[PDB]
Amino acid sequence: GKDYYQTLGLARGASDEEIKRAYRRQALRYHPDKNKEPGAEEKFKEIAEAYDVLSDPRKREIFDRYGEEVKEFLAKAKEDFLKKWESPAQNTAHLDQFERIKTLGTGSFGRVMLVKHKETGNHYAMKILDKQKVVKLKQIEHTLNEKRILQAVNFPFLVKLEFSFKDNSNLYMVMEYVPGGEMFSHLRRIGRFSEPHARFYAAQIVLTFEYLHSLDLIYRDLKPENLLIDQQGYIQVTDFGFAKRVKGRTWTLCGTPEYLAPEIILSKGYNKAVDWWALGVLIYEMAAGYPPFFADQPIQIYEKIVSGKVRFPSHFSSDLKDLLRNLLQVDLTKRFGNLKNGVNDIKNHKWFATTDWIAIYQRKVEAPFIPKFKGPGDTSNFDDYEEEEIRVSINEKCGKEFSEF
């Protein structure tokens, strides 16, 4: 994801002399003894790298083909999403096929239980939603989106929705079970992650948001509570409860207080930039051990967010602070992720200079942290929750509201 042509200010079909002339022009501009502004040095190097590729016919051809490969990969990803989105899977299991073992986690809307498939012995994580509660909390459209979207996406860091079904009382979403627990509990116990450790997680979220956004999807509930650690130490994003397909802007006030972008708080029509703001909060909390805006009452949290005055621990690197100033940018029109160069302003930021983006995508990087275990059903990486009886009424509830589920 480097834009060599744009770096030199060129069109894709530029000639060799145009490439030479553009490199020379751009070079003079950032030359170390005629430009001593911050990061001019880093641009002087980027212009040289772009020239070395484009000025060599073999390497330029490789780069041009790679641009075509990426476009074709995106076309297949859009195809796969649209086919699944336009004709959603339904009714792919039912309740008494699963032995319910233990509650793994709860949220504002649902209960997630470790279950075991009676026939195969395989373990899964089943999210249970009470239809009447969903209606009361005004989450009908959100819950319909959640299921429809999660089973239509496919990415290495997105949890898989394996089965779904419904009965008189409840909605059920049966996911792959991610056994290493929430990032949240590890982060709180450990205190904070070192910058390379935080960067490892951050890079997975960057690729995941690049993927979702390329399908016109926004996620809207990034937080360590919704991030699970798998057996290889990689991230699995769960909780698509606020995921939505948006071309243009959307208007719902939703999210989790510490992670709300300012434009959501100010009731503005907002877009994919809110996900990039949330990434700033996540990276800050991962590396500091506490979020950039906190207070006892969410009203006071919201007042801090929209001022967006932010202070950094003195142990934060200069590159980390610079990245965070650009992600935690209160003006969405200036926020990294939302500029002309899109996700590349982030991927090519200095703080990510050591990140091998293709190796992260391929899961070839050794994780900084591997969760401990003691068996295929061990749950000790999760807190304990009070257990509650799953009751199914003899009368169907909210039949019309959830017809498409």
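In this text, the rigid core denotes the largest set of C-alpha atoms whose superposition between the two forms falls within 1.5 Å. We number the residues from 1 along the sequence you see.
The stretch that moves more in 9 other deposited structures of this protein, judged by CA deviation after a rigid core superposition and choosing between 178-186 and 306-314, is 306-314. In 9 other deposited structures of this protein, superposed on the rigid core, the segment with the larger root-mean-square CA displacement between 291-299 and 107-115 is 107-115.
Per the PDB record, of the two stretches 278-286 and 310-318, 310-318 carries the greater mean B-factor over its C-alpha atoms. For the pair 136-144 and 68-76, the mean B factor over Cα atoms is greater in 68-76.
When all modelled residues of the chain are sorted by CA temperature factor, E162 is found within the lowest third. In the PDB entry, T238 places in the lowest third of its chain by CA B-factor. Looking at the C-alpha B-factors along this chain, the one for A40 belongs to the highest third.
When all modelled residues of the chain are sorted by CA temperature factor, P224 is found within the lowest third. Compared with the other modelled residues of the chain, the Cα B-factor recorded for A48 ranks in the middle third.
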